[PDB]
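>>> Provided hereafter are the protein sequence and its experimental coordinates.
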Amino acid sequence: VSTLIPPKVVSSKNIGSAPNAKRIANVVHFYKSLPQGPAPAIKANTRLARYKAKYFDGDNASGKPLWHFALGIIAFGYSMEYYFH
Amino acid sequence: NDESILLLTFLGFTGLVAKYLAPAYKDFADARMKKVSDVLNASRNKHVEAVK
């Protein structure tokens, strides 16, 4: 009876579609995300900070700390098993 | 004495504990962070083309 007009009705149509739900999701997931590894806090300073940078960081993550623990028992020979039970 | 020899022997054993002849858990871990890192490349990009 006349010229129908569904070419321009997306101003209220862009709310119910599924991609819009993902659209409003990931845009919030993007703006505050740190750009290039910023704010990594690589300078750890808490009590034994030196340990935090050699083995406690996790780059090595090997049996050295338990080796250090074992050597501590060895150095305590005349303190726990000798001169005492 | 005898006690000192035993500690030296286990240090050699601990030295052998160091090798494990290219330990599997080293490579078992090596397979992990690459697997962990790679999926984050795919997963984050998966929604990157969602807006694209």
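Perfect, thanks for sending it. Residues are numbered from 1 along each chain as shown, chains lettered A, B, ... in the order given.
>>> now residue A:44, nearest residue through space, not along the chain?
Nearest residue to residue A:44, sequence neighbours excluded (C-beta to C-beta, 6 or more residues apart in numbering or on different chains): residue A:52, at 4.3 Å. Yep, even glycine has a C-beta here, placed from its N, CA and C like the rest.
>>> ok now do residue B:41, which residues does it touch?
Residues in contact with residue B:41 (C-beta atoms under 8 Å, 6 or more residues apart in numbering or on different chains): none are found.
>>> right, and the helix or strand after the host helix or strand of it?
Using DSSP states H and E, residue B:41 sits in helix B:24-46. Next in sequence after helix B:24-46, counting helices and strands by DSSP H and E, comes helix B:48-51.
>>> and the longest helix along chain A, what does it pack onto?
The longest helix of chain A (DSSP state H) is helix A:64-75. When contacts are defined as 3 or more C-beta pairs under 8 Å, 6 or more residues apart in numbering or on different chains; DSSP states H and E, helix A:64-75 packs onto helix B:2-19.
>>> which residues sit against the helix it packs on?
Contacts of helix B:2-19 (C-beta under 8 Å, 6+ apart): A:63, A:67, A:70, A:74.
>>> Could you check how far the most centrally placed residue in chain A is from residue B:18?
Per C-alpha atoms, centre = their mean, the C-alpha nearest to the average position across chain A is that of residue A:40, at 9.1 Å. Distance from residue A:40 to residue B:18, counting by C-beta to C-beta, to the nearest Å: 31 Å.
>>> Then residue B:47?
Going from residue B:47 to residue B:18 by C-beta to C-beta gives 44 Å.
>>> more neighbours, these two?
Using other C-beta atoms under 10 Å in any protein chain shown as the criterion, residue B:47 and residue B:18 rank with residue B:47 on top: 15 against 12.
>>> Touching, the more buried one and residue A:23? I think so.
No - using C-beta atoms under 8 Å, residue B:47 makes no contact with residue A:23, being 10.0 Å away.
>>> Residue A:53 versus the residue nearest to the centre of chain A, what's the distance?
In terms of C-beta to C-beta, residue A:40 sits 14 Å off from residue A:53.
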